[PDB]
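**Q** If you scroll down you'll find the structure; I have some questions about it.
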Amino acid sequence: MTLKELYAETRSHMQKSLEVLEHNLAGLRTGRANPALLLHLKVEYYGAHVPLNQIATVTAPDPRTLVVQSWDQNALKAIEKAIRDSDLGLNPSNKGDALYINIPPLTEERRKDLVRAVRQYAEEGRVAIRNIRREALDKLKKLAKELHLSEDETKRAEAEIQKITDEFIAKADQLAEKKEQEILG
Amino acid sequence: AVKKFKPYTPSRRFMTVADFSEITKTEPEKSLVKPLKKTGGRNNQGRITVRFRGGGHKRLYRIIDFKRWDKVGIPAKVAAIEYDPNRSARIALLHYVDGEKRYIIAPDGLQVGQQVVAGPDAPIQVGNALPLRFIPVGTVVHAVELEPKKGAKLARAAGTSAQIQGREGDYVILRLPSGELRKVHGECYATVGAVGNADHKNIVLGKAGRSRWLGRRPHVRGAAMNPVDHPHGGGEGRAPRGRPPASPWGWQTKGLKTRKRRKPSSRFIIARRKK
RNA sequence: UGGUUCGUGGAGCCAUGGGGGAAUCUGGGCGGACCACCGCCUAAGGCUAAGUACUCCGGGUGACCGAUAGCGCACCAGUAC
RNA sequence: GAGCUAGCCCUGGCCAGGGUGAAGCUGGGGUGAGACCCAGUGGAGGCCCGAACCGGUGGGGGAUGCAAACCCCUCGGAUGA
RNA sequence: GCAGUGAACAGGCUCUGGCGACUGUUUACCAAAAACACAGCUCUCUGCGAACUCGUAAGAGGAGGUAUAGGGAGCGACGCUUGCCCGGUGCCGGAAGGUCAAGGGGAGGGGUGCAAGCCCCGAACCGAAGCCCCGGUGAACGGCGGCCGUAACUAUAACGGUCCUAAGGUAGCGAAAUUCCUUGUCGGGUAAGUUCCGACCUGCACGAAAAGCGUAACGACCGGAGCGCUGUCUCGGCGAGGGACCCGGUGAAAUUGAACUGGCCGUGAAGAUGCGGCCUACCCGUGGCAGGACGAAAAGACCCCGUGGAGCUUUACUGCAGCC
RNA sequence: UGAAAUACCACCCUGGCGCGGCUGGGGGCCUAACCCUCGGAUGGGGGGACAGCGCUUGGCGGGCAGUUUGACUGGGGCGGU
RNA sequence: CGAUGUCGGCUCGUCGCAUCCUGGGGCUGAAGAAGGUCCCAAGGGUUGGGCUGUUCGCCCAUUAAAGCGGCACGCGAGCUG
RNA sequence: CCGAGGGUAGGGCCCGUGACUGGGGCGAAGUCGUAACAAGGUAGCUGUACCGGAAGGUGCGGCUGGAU
RNA sequence: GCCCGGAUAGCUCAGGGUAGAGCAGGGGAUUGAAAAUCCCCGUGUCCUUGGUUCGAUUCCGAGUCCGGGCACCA
RNA sequence: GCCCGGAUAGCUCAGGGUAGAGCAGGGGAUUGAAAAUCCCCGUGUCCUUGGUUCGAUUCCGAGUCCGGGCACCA
RNA sequence: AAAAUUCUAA
Ligand SMILES: [Mg+2]
Ligand SMILES: [Mg+2]
Ligand SMILES: [Mg+2]
Ligand SMILES: [Mg+2]
Ligand SMILES: [Mg+2]
Ligand SMILES: [Mg+2]
Ligand SMILES: [Mg+2]
Ligand SMILES: [Mg+2]
Ligand SMILES: [Mg+2]
Ligand SMILES: [Mg+2]
Ligand SMILES: [Mg+2]
Ligand SMILES: [Mg+2]
Ligand SMILES: [Mg+2]
Ligand SMILES: [Mg+2]
Ligand SMILES: [Mg+2]
Ligand SMILES: [Mg+2]
Ligand SMILES: [Mg+2]
Ligand SMILES: [Mg+2]
Ligand SMILES: [Mg+2]
Ligand SMILES: [Mg+2]
Ligand SMILES: [Mg+2]
Ligand SMILES: [Mg+2]
Ligand SMILES: [Mg+2]
Ligand SMILES: [Mg+2]
Ligand SMILES: [Mg+2]
Ligand SMILES: [Mg+2]
Ligand SMILES: [Mg+2]
Ligand SMILES: [Mg+2]
Ligand SMILES: [Mg+2]
Ligand SMILES: [Mg+2]
Ligand SMILES: [Mg+2]
Ligand SMILES: [Mg+2]
Ligand SMILES: [Mg+2]
Ligand SMILES: [Mg+2]
Ligand SMILES: [Mg+2]
Ligand SMILES: [Mg+2]
Ligand SMILES: [Mg+2]
Ligand SMILES: [Mg+2]
Ligand SMILES: [Mg+2]
Ligand SMILES: [Mg+2]
Ligand SMILES: [Mg+2]
Ligand SMILES: [Mg+2]
Ligand SMILES: [Mg+2]
Ligand SMILES: [Mg+2]
Ligand SMILES: [Mg+2]
Ligand SMILES: [Mg+2]
Ligand SMILES: [Mg+2]
Ligand SMILES: [Mg+2]
Ligand SMILES: [Mg+2]
Ligand SMILES: [Mg+2]
Ligand SMILES: [Mg+2]
Ligand SMILES: [Mg+2]
Ligand SMILES: [Mg+2]
Ligand SMILES: [Mg+2]
Ligand SMILES: [Mg+2]
Ligand SMILES: [Mg+2]
Ligand SMILES: [Mg+2]
Ligand SMILES: [Mg+2]
Ligand SMILES: [Mg+2]
Ligand SMILES: [Mg+2]
Ligand SMILES: [Mg+2]
Ligand SMILES: [Mg+2]
Ligand SMILES: [Mg+2]
Ligand SMILES: [Mg+2]
Ligand SMILES: [Mg+2]
Ligand SMILES: [Mg+2]
Ligand SMILES: [Mg+2]
Ligand SMILES: [Mg+2]
Ligand SMILES: [Mg+2]
Ligand SMILES: [Mg+2]
Ligand SMILES: [Mg+2]
Ligand SMILES: [Mg+2]
Ligand SMILES: [Mg+2]
Ligand SMILES: [Mg+2]
Ligand SMILES: [Mg+2]
Ligand SMILES: [Mg+2]
Ligand SMILES: [Mg+2]
Ligand SMILES: [Mg+2]
Ligand SMILES: [Mg+2]
Ligand SMILES: [Mg+2]
Ligand SMILES: [Mg+2]
Ligand SMILES: [Mg+2]
Ligand SMILES: [Mg+2]
Ligand SMILES: [Mg+2]
Ligand SMILES: [Mg+2]
Ligand SMILES: [Mg+2]
Ligand SMILES: [Mg+2]
Ligand SMILES: [Mg+2]
Ligand SMILES: [Mg+2]
Ligand SMILES: [Mg+2]
Ligand SMILES: [Mg+2]
Ligand SMILES: [Mg+2]
Ligand SMILES: [Mg+2]
Ligand SMILES: [Mg+2]
Ligand SMILES: [Mg+2]
Ligand SMILES: [Mg+2]
Ligand SMILES: [Mg+2]
Ligand SMILES: [Mg+2]
Ligand SMILES: [Mg+2]
Ligand SMILES: [Mg+2]
Ligand SMILES: [Mg+2]
Ligand SMILES: [Mg+2]
Ligand SMILES: [Mg+2]
Ligand SMILES: [Mg+2]
Ligand SMILES: [Mg+2]
Ligand SMILES: [Mg+2]
Ligand SMILES: [Mg+2]
Ligand SMILES: [Mg+2]
Ligand SMILES: [Mg+2]
Ligand SMILES: [Mg+2]
Ligand SMILES: [Mg+2]
Ligand SMILES: [Mg+2]
Ligand SMILES: [Mg+2]
Ligand SMILES: [Mg+2]
Ligand SMILES: [Mg+2]
Ligand SMILES: [Mg+2]
Ligand SMILES: [Mg+2]
Ligand SMILES: [Mg+2]
Ligand SMILES: [Mg+2]
Ligand SMILES: [Mg+2]
Ligand SMILES: [Mg+2]
Ligand SMILES: [Mg+2]
Ligand SMILES: [Mg+2]
Ligand SMILES: [Mg+2]
Ligand SMILES: [Mg+2]
Ligand SMILES: [Mg+2]
Ligand SMILES: [Mg+2]
Ligand SMILES: [Mg+2]
Ligand SMILES: [Mg+2]
Ligand SMILES: [Mg+2]
Ligand SMILES: [Mg+2]
Ligand SMILES: [Mg+2]
Ligand SMILES: [Mg+2]
Ligand SMILES: [Mg+2]
Ligand SMILES: [Mg+2]
Ligand SMILES: [Mg+2]
Ligand SMILES: [Mg+2]
Ligand SMILES: [Mg+2]
Ligand SMILES: [Mg+2]
Ligand SMILES: [Mg+2]
Ligand SMILES: [Mg+2]
Ligand SMILES: [Mg+2]
Ligand SMILES: [Mg+2]
Ligand SMILES: [Mg+2]
Ligand SMILES: [Mg+2]
Ligand SMILES: [Mg+2]
Ligand SMILES: [Mg+2]
Ligand SMILES: [Mg+2]
Ligand SMILES: [Mg+2]
Ligand SMILES: [Mg+2]
Ligand SMILES: [Mg+2]
Ligand SMILES: [Mg+2]
Ligand SMILES: [Mg+2]
Ligand SMILES: [Mg+2]
Ligand SMILES: [Mg+2]
Ligand SMILES: [Mg+2]
Ligand SMILES: [Mg+2]
Ligand SMILES: [Mg+2]
Ligand SMILES: [Mg+2]
Ligand SMILES: [Mg+2]
Ligand SMILES: [Mg+2]
Ligand SMILES: [Mg+2]
Ligand SMILES: [Mg+2]
Ligand SMILES: [Mg+2]
Ligand SMILES: [Mg+2]
Ligand SMILES: [Mg+2]
Ligand SMILES: [Mg+2]
Ligand SMILES: [Mg+2]
Ligand SMILES: [Mg+2]
Ligand SMILES: [Mg+2]
Ligand SMILES: [Mg+2]
Ligand SMILES: [Mg+2]
Ligand SMILES: [Mg+2]
Ligand SMILES: [Mg+2]
Ligand SMILES: [Mg+2]
Ligand SMILES: [Mg+2]
Ligand SMILES: [Mg+2]
Ligand SMILES: [Mg+2]
Ligand SMILES: [Mg+2]
Ligand SMILES: [Mg+2]
Ligand SMILES: [Mg+2]
Ligand SMILES: [Mg+2]
Ligand SMILES: [Mg+2]
Ligand SMILES: [Mg+2]
Ligand SMILES: [Mg+2]
Ligand SMILES: [Mg+2]
Ligand SMILES: [Mg+2]
Ligand SMILES: [Mg+2]
Ligand SMILES: [Mg+2]
Ligand SMILES: [Mg+2]
Ligand SMILES: [Mg+2]
Ligand SMILES: [Mg+2]
Ligand SMILES: [Mg+2]
Ligand SMILES: [Mg+2]
Ligand SMILES: [Mg+2]
Ligand SMILES: [Mg+2]
Ligand SMILES: [Mg+2]
Ligand SMILES: [Mg+2]
Ligand SMILES: [Mg+2]
Ligand SMILES: [Mg+2]
Ligand SMILES: [Mg+2]
Ligand SMILES: [Mg+2]
Ligand SMILES: [Mg+2]
Ligand SMILES: [Mg+2]
Ligand SMILES: [Mg+2]
Ligand SMILES: [Mg+2]
Ligand SMILES: [Mg+2]
Ligand SMILES: [Mg+2]
Ligand SMILES: [Mg+2]
Ligand SMILES: [Mg+2]
Ligand SMILES: [Mg+2]
Ligand SMILES: [Mg+2]
Ligand SMILES: [Mg+2]
Ligand SMILES: [Mg+2]
Ligand SMILES: [Mg+2]
Ligand SMILES: [Mg+2]
Ligand SMILES: [Mg+2]
Ligand SMILES: [Mg+2]
Ligand SMILES: [Mg+2]
Ligand SMILES: [Mg+2]
Ligand SMILES: [Mg+2]
Ligand SMILES: [Mg+2]
Ligand SMILES: [Mg+2]
Ligand SMILES: [Mg+2]
Ligand SMILES: [Mg+2]
Ligand SMILES: [Mg+2]
Ligand SMILES: [Mg+2]
Ligand SMILES: [Mg+2]
Ligand SMILES: [Mg+2]
Ligand SMILES: [Mg+2]
Ligand SMILES: [Mg+2]
Ligand SMILES: [Mg+2]
Ligand SMILES: [Mg+2]
Ligand SMILES: [Mg+2]
Ligand SMILES: [Mg+2]
Ligand SMILES: [Mg+2]
Ligand SMILES: [Mg+2]
Ligand SMILES: [Mg+2]
Ligand SMILES: [Mg+2]
Ligand SMILES: [Mg+2]
Ligand SMILES: [Mg+2]
Ligand SMILES: [Mg+2]
């Protein structure tokens, strides 16, 4: 257990919650130049639904348009009906082993809920972080007690946990800050 | 049926005063009253030995006949029934045709002007008094001598009574109000019937004052003192008792049987009380 | 339980709150648990001078003070306050 | 030492004025009879306003004071624990 | 007539939360409160020469009362309610048993004496309370979990596997008088709101009589907003009187090593009128301001030290009253 | 045929009683000690050899009392020693 | 430690320059305007408000600009508290 | 004098809207168990009260639209 | 940081030369199929080291990591 | 360091002539199952050692461990 | 007078 291995465990534990944030931020119709926003979507490959990250290649050349480079042209028609799926309200062109999707300038009705979406995913990330930190102090409550460790020691172990916790918070604040300016841009 | 009040003051919402409807005489018999010495709970040392007593309305003690075996076979007329500030019960004024007047506790149903009388041969009837042995088993009966010629001591409060559960030797078996089954001597008198003013239990002293009138000072919680003052004292902020909750003097108050164990009266108590 | 030098010690003696409880000299206590031998002493009623202790008082005397000393008070002080 | 202060006991005393208008009573309505409603009367209450009186909220002043806890402005209770 | 309670005496108000029902009570002399008290609800002890309290006792108080009464404890009008855990602790019940003191009992040994004897020691066994043991007991003390994985699609888990517990927090409430991260996130109000109100639930560490959530009314209590009005402010001015100032009279105080007591850059026990170098500076007052004299005042009250002291606690130790 | 012979005696063992002797425990009743009570008292009624009190035993025993509650230490504590 | 009164604010300032505006410059990936960076420069200046005890910082509306620091985190025998 | 209207104050109704929330509907190759229809394997329904992941269980009383 | 335990297969465990149990796993059966049941089958330097005995999971020393109890903060 | 005790099979147990008792286990009857019921049987220096009586788990002596009991601790 | 659950389709 011990300290260094508790910090590495912590910094590790907090990273997973941070990357999870980045996942949640790409997969939104951001500035909509993102490729990974369309990378996860329910399709219909041979009756069964599966994620298209085992079906096609999303690549974002220019920002205003986007291509969903596929390798199965009977799946592109399964994808095309799955892009025309309730949500994005986009009119893609298809075939010629091609599948283009141009992106309109985000309206103030969708721009309204985009920022609102970003900050929401933002706070939940932090609560993921903070809830881990409390897990870490309880790991420290026992670990100090179990090991008969000093008092002024177990004080700094707290502050050293705060230092660590204000790490993953500032990045999390910076992630959702940038992703916003791409929506306001 | 106690009297209630429309809430013109916030104490008056739930205050309740007695219906007072059994009372005829609104002033006491002069030959039968005497002053009640008010202690404030202090002994012949002026050291308090009952806390939170004193400050009540003045009281004139009315001389009560607890030993109706005094005048035997002498009938007497129920002159009046009046308020006694020294008990729960109501009192009855007795015009002994003998020419003497007397005060007794007023059983319920007893009506002004009727006759009553002591005597072994007395009628088993509301107000009459007899040795228990000559009272039939299973009669509701109050004001009972505990030992012969040692005066009424049991069921002297409103609505409280006793019942006979049987006989045995020179004793008879009584259910007290507490629910105890006691053996009392047969030659002890008893007034048949139960004490009146049954509503007394359902009086709502309404405010803080009413308790000051009854001579009852405020009762300061153990928790509110300091360890100097009490066991329950001390403790930053509020605190739970933190020990078997105890008296000021330091004895447990949550189920600590306190009666003397070797008390010779125990041989005559068939059963402990109920509930 | 106290007392004695004796703090429970091998703990006698002297004393005595509780229980038990005799005998009249061939009776009784003691001599450091106890036993015996050898000795000493006569408990359970009382009184008794002197030699001893103190200094309100009175006298005598100081390698005692000399008014911030010497008694708190040399003086109208246990007063004034 | 309870001539301050605390409680209790004994015996007396004090609380301008004004506002509110309970139960009860009577009459009217009402019904089989009531419940009830209403009208007048009445005058209850740890009710209201507010002097004495008892307090002592906020503010300023006072700080070798007028004062070893005071003064001014403001405020709380004011028939009752 | 500017103006009529013509002068004097005589509420600013509304909206919205928190705490406590309320009128009261309190730290005489820094706290008036949310604190105590309060009706009211619950547990419990008490059959009377009551329990309890004061006292060595006598004797009182309880009460010239009597289970609708008296004491002890907690909670705190009222509204709806108050869940599980009795393994420990407490209490209550338990004529079995285990242990257990004095005493009894004297198997059996010892001292001594020629001896009759005198003296001590002493096993099994009988032998109370207490304890153990057996139950009951929460408005008695008290306590009310962890981890693995899980659905057409993710995070999510109604389900479910499993470890521990005496048993794992029901209702209701929740960034709260409690939330560390925290100015959490969203909503309101504002031009802008770490406070405030409305929400969410990630309750560091709410929760059901140390009550839980609400509630009309009440409050010199503690928040937030708005109207009215203003010297609170921009930002200050002027005027009044009592002081302050001058004259006459009377005349204190703390403090005071001595004084012939400048600024700066250094130095010095590390913050110099007083030591070095330099600059500045004629003798003596009065009215004014406070930066310095580590100014005054109080043998620091914080911090430590002392085989100092005191109040308080308890399953520290040893006793003592009390009760058995 | 028995390891141990049966008939009468004798001292003893595993037990069971029958009384006698000394002990110990229960239960019940009694009254006169002792307690309470009865305006009446050298008495009546109630309790009753229990309760109460004295000596002695063991216990429960913050209700109260006397005390203890270590040092080192880059202040003390806490961790360590 | 026989006491050097400790956060913040108000009042009054005064100094430093690692300069926020302002004045003088070199270079510039300096067309111009407007910026970046370094150099010189302490004469003057450096707004009002919401929030919270806050310094800080966030936000509002401005401006040439809303500089950073010292003076016992300047300043309580000056005030607040 | 009255008077359109203006303004101050306090009320009533209606509509739009609101963080958050409470259930309701339509979906379907799910997760979960399997209540009703046979006595559906505990006869069902029912008003109520309490509890329970969920359908439901249970207490009291009722109905036959309950079987032998 | 000292005193009671613990370790023994994949997990959970009970036991002076010996080898078990329950069910995760793989099968077989009862069903028209899947259910929960019914039977088999694997699985162990019996934690490392060291010392007793003819031989030790079994006795003991030393630990290791764990349930901790108490004491520490108090 | 006194006292009171027990060692009887896989676990737990009652018992001068003698060797038992229960569920666990194995077989078997019934069971589509869980069981439950039912018939058959073991698993023994009756702790060591030693001593009595004709011999003895049975009485005693002395030992080893565990269990409880007690008081004490310069 | 009963120990035993569940069922992708034109
Ligand atoms: Mg430190
Ligand atoms: Mg009323
Ligand atoms: Mg009345
Ligand atoms: Mg009456
Ligand atoms: Mg008279
Ligand atoms: Mg007297
Ligand atoms: Mg006196
Ligand atoms: Mg009957
Ligand atoms: Mg009753
Ligand atoms: Mg009631
Ligand atoms: Mg009274
Ligand atoms: Mg009361
Ligand atoms: Mg109280
Ligand atoms: Mg207090
Ligand atoms: Mg005191
Ligand atoms: Mg006192
Ligand atoms: Mg105490
Ligand atoms: Mg105390
Ligand atoms: Mg306490
Ligand atoms: Mg307290
Ligand atoms: Mg607290
Ligand atoms: Mg007795
Ligand atoms: Mg002595
Ligand atoms: Mg002695
Ligand atoms: Mg002696
Ligand atoms: Mg002698
Ligand atoms: Mg002689
Ligand atoms: Mg002799
Ligand atoms: Mg003698
Ligand atoms: Mg002698
Ligand atoms: Mg001698
Ligand atoms: Mg001698
Ligand atoms: Mg002799
Ligand atoms: Mg003699
Ligand atoms: Mg004598
Ligand atoms: Mg003599
Ligand atoms: Mg003499
Ligand atoms: Mg001279
Ligand atoms: Mg003199
Ligand atoms: Mg002189
Ligand atoms: Mg002089
Ligand atoms: Mg007085
Ligand atoms: Mg007085
Ligand atoms: Mg009036
Ligand atoms: Mg009226
Ligand atoms: Mg009428
Ligand atoms: Mg008419
Ligand atoms: Mg009528
Ligand atoms: Mg009033
Ligand atoms: Mg008022
Ligand atoms: Mg007057
Ligand atoms: Mg006065
Ligand atoms: Mg005042
Ligand atoms: Mg004042
Ligand atoms: Mg002042
Ligand atoms: Mg005022
Ligand atoms: Mg006033
Ligand atoms: Mg008033
Ligand atoms: Mg009055
Ligand atoms: Mg009064
Ligand atoms: Mg006018
Ligand atoms: Mg005026
Ligand atoms: Mg007015
Ligand atoms: Mg006025
Ligand atoms: Mg007014
Ligand atoms: Mg609220
Ligand atoms: Mg308010
Ligand atoms: Mg309010
Ligand atoms: Mg609040
Ligand atoms: Mg209040
Ligand atoms: Mg008072
Ligand atoms: Mg005060
Ligand atoms: Mg006062
Ligand atoms: Mg004071
Ligand atoms: Mg005050
Ligand atoms: Mg007040
Ligand atoms: Mg007593
Ligand atoms: Mg005393
Ligand atoms: Mg006493
Ligand atoms: Mg006493
Ligand atoms: Mg008495
Ligand atoms: Mg009296
Ligand atoms: Mg009491
Ligand atoms: Mg009470
Ligand atoms: Mg009571
Ligand atoms: Mg309370
Ligand atoms: Mg109720
Ligand atoms: Mg328990
Ligand atoms: Mg218990
Ligand atoms: Mg129990
Ligand atoms: Mg139970
Ligand atoms: Mg008991
Ligand atoms: Mg013991
Ligand atoms: Mg003995
Ligand atoms: Mg003896
Ligand atoms: Mg003896
Ligand atoms: Mg002998
Ligand atoms: Mg011998
Ligand atoms: Mg000899
Ligand atoms: Mg013995
Ligand atoms: Mg015994
Ligand atoms: Mg016993
Ligand atoms: Mg028990
Ligand atoms: Mg138990
Ligand atoms: Mg509860
Ligand atoms: Mg908790
Ligand atoms: Mg899924
Ligand atoms: Mg999944
Ligand atoms: Mg909790
Ligand atoms: Mg909940
Ligand atoms: Mg919250
Ligand atoms: Mg917030
Ligand atoms: Mg709330
Ligand atoms: Mg913390
Ligand atoms: Mg905010
Ligand atoms: Mg906000
Ligand atoms: Mg909004
Ligand atoms: Mg807004
Ligand atoms: Mg806003
Ligand atoms: Mg906001
Ligand atoms: Mg809130
Ligand atoms: Mg809690
Ligand atoms: Mg509680
Ligand atoms: Mg509670
Ligand atoms: Mg409360
Ligand atoms: Mg609340
Ligand atoms: Mg309500
Ligand atoms: Mg309210
Ligand atoms: Mg008030
Ligand atoms: Mg207030
Ligand atoms: Mg307010
Ligand atoms: Mg001004
Ligand atoms: Mg002026
Ligand atoms: Mg002037
Ligand atoms: Mg002058
Ligand atoms: Mg000079
Ligand atoms: Mg230097
Ligand atoms: Mg210098
Ligand atoms: Mg110089
Ligand atoms: Mg100078
Ligand atoms: Mg010089
Ligand atoms: Mg110089
Ligand atoms: Mg010159
Ligand atoms: Mg001057
Ligand atoms: Mg100054
Ligand atoms: Mg001055
Ligand atoms: Mg000073
Ligand atoms: Mg000092
Ligand atoms: Mg000091
Ligand atoms: Mg000091
Ligand atoms: Mg102080
Ligand atoms: Mg000393
Ligand atoms: Mg000391
Ligand atoms: Mg003192
Ligand atoms: Mg402890
Ligand atoms: Mg006594
Ligand atoms: Mg007692
Ligand atoms: Mg005889
Ligand atoms: Mg006998
Ligand atoms: Mg008898
Ligand atoms: Mg008499
Ligand atoms: Mg008499
Ligand atoms: Mg008798
Ligand atoms: Mg006795
Ligand atoms: Mg005594
Ligand atoms: Mg004793
Ligand atoms: Mg003890
Ligand atoms: Mg003490
Ligand atoms: Mg103790
Ligand atoms: Mg001493
Ligand atoms: Mg020590
Ligand atoms: Mg120690
Ligand atoms: Mg130290
Ligand atoms: Mg050393
Ligand atoms: Mg240190
Ligand atoms: Mg050092
Ligand atoms: Mg240091
Ligand atoms: Mg330490
Ligand atoms: Mg230390
Ligand atoms: Mg200092
Ligand atoms: Mg010094
Ligand atoms: Mg000084
Ligand atoms: Mg300071
Ligand atoms: Mg600060
Ligand atoms: Mg600071
Ligand atoms: Mg310069
Ligand atoms: Mg420069
Ligand atoms: Mg630079
Ligand atoms: Mg620069
Ligand atoms: Mg420039
Ligand atoms: Mg340039
Ligand atoms: Mg170039
Ligand atoms: Mg240019
Ligand atoms: Mg250009
Ligand atoms: Mg640069
Ligand atoms: Mg400048
Ligand atoms: Mg300058
Ligand atoms: Mg400047
Ligand atoms: Mg504002
Ligand atoms: Mg503010
Ligand atoms: Mg603030
Ligand atoms: Mg910063
Ligand atoms: Mg900064
Ligand atoms: Mg600022
Ligand atoms: Mg911020
Ligand atoms: Mg510019
Ligand atoms: Mg510019
Ligand atoms: Mg600009
Ligand atoms: Mg700035
Ligand atoms: Mg500004
Ligand atoms: Mg400056
Ligand atoms: Mg600083
Ligand atoms: Mg500074
Ligand atoms: Mg600093
Ligand atoms: Mg400073
Ligand atoms: Mg500053
Ligand atoms: Mg400062
Ligand atoms: Mg200063
Ligand atoms: Mg100063
Ligand atoms: Mg303050
Ligand atoms: Mg009009
Ligand atoms: Mg108009
Ligand atoms: Mg109009
Ligand atoms: Mg309007
Ligand atoms: Mg309107
Ligand atoms: Mg929304
Ligand atoms: Mg659906
Ligand atoms: Mg059903
Ligand atoms: Mg079914
Ligand atoms: Mg069914
Ligand atoms: Mg039903
Ligand atoms: Mg049920
Ligand atoms: Mg049909
Ligand atoms: Mg394993
Ligand atoms: Mg330590
Ligand atoms: Mg402790
Ligand atoms: Mg030994
Ligand atoms: Mg079986
Ligand atoms: Mg089959
Ligand atoms: Mg020992
Ligand atoms: Mg089925
Ligand atoms: Mg299914």
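**Q** Beyond a 21 Å Cα-Cα separation, which of these cross-linked pairs lie in this structure: A:4/A:163; B:4/B:34; B:101/B:183; B:38/B:150; B:77/B:153?
**A** B:4/B:34; B:101/B:183; B:38/B:150; B:77/B:153, as the Cα separations exceed 21 Å there.
**Q** For region A:1-155, take the convex hull of the Cα atoms, compute a quarter of its surface area, and give me that in nm², please. Kindly include the intermediate steps, with their values, before the conclusion.
**A** Numbers: hull surface 51.3 nm².
One quarter of the hull surface, i.e. the mean projection, equals 12.8 nm².
**Q** Below 8 Å, C-alpha to C-alpha, sequence gap of six or more: please give me the relative contact order for chain A in percent. Numbers along the way, then the final one.
**A** Details: 210 pairs, mean separation 46.3, N = 185.
So the answer I get is 25 percent.
**Q** Most exposed first by the Cβ proxy, i.e. fewest other Cβ within 10 Å, how do B:87, B:13 rank?
**A** On the way: B:87 17, B:13 14.
Ordered by Cβ neighbours within 10 Å, fewest first: B:13, B:87.
**Q** Further question: For residue B:130, list long-range residues whose amide hydrogen, built 1.01 Å from N in the peptide plane, is under 5 Å from its own amide hydrogen.
**A** HN-HN under 5 Å from residue B:130: B:190, B:192.
**Q** Counting other C-beta atoms within 10 Å, which of A:1, B:15, B:225 has the fewest, and how do the rest follow?
**A** If I rank by nearby Cβ atoms, fewest first, I get A:1, B:225, B:15.
**Q** How large is the dipole of region A:32-106 about the Cα centre if only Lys and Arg carry +1 and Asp and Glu carry -1, each at its Cβ, rounded to the nearest 20 debye?
**A** 120
**Q** Among B:160, B:49, rank each residue by its count of other Cβ atoms within 10 Å, from fewest to most, as a rough exposure measure.
**A** Ranking B:160, B:49 by Cβ neighbours within 10 Å, fewest first, gives B:49, B:160.
**Q** Where nothing but the Cβ of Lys and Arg (+1) and of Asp and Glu (-1) is charged, how large is the charge dipole of chain B around its Cα centre, in debye to the nearest 20?
**A** Approximately 1740 debye in magnitude.
**Q** Which of B:24, B:49, B:172 sits farthest toward the positive end of the charge dipole of chain B, with +1 on the Cβ of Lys and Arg and -1 on the Cβ of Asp and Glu?
**A** Comparing the listed Cα positions along the dipole, B:49 ranks first.
**Q** In region A:79-185, what chymotrypsin sites (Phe, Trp or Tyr not before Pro) fall in a loop by DSSP, with at most 14 other Cβ atoms inside 10 Å?
**A** Working: sites: A:100, A:121, A:168; in loops: none.
Answer by residue number: there is no such site.
**Q** Separate question: Measuring from a point 7 Å past the Cα of residue B:11 along Cα-to-C-beta, which residues in region B:216-243 have an amide N at less than 16 Å?
**A** B:216-219
**Q** Let me ask something else about it. Can you pull the one-decimal nm distance between simple spin-label points at residue B:249 and residue A:162, each 7 Å off the Cα toward Cβ?
**A** 5.6
**Q** If you place +1 on the Cβ of every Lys and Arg, -1 on the Cβ of every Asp and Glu, and leave all else neutral, what size is the dipole of the protein assembly as shown about its Cα centre, to the nearest 20 Debye?
**A** Values: 86 positive and 51 negative charges, 898 e Å.
Value, rounded to 20: 4320 debye.
**Q** Report relative contact order for chain B in percent, whole number only (criteria: Cα-Cα under 8 Å, sequence separation at least 6).
**A** 17
**Q** Expressed in nm to one decimal, what extension gain is obtained for the pair residue B:112 and residue B:137 from 0.36 nm per residue of sequence separation less their Cα-Cα distance? Each step should come with its number before you reach the end.
**A** Details: separation 25, 0.36 × 25 = 9.00 nm, distance 2.75 nm.
Between residue B:112 and residue B:137, full extension yields 6.3 nm more.
**Q** Per-residue ellipticity at 222 nm for the protein assembly as shown, helices alone: DSSP H runs ≥ 4 residues times -39500 (n - 2.57), over residue total, nearest 500 deg cm²/dmol?
**A** -8500 deg cm²/dmol, from helical runs alone.
**Q** Could you work out the relative contact order of region B:162-210, using alpha carbon pairs under 8 angstrom and six or more residues apart, expressed as a whole percent?
**A** Relative CO of region B:162-210 lands at 22 percent.
**Q** Could you work out the mean projected area of the convex hull around the alpha carbons of chain B, in square nanometres to one decimal?
**A** Over all viewing directions, chain B projects a mean Cα-hull area of 18.9 nm².
**Q** If amide H atoms are built 1.01 Å from N in the plane of the peptide, which residues on other chains or at least 5 residues away come under 5 Å of the amide H of residue A:100?
**A** Result for residue A:100 returns A:93, A:94.
**Q** Charges on Cβ only, +1 for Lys and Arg, -1 for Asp and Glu, centred on the Cα centroid of region A:32-106; of A:54, A:70, A:82, which one is farthest towards the dipole's positive end?
**A** A:82
**Q** Follow-up. Just grab the label-to-label distance for residue A:150 and residue B:241, each label 7 Å out from Cα along the Cβ direction, in nm (one decimal).
**A** Distance between the two pseudo-spin positions: 4.6 nm.
**Q** Using alpha-carbon positions, what is the distance between the centroids of region B:105-137 and region A:18-91, in Å?
**A** If you average the Cα positions of each part, the centres end up 103 Å apart.
Where a number appears in this text, it was derived from the coordinates with a stated rule and is not lab data. When we count neighbours, we look across all protein chains shown, and the Cβ atoms used for this are built from the backbone with ideal geometry, even at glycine.
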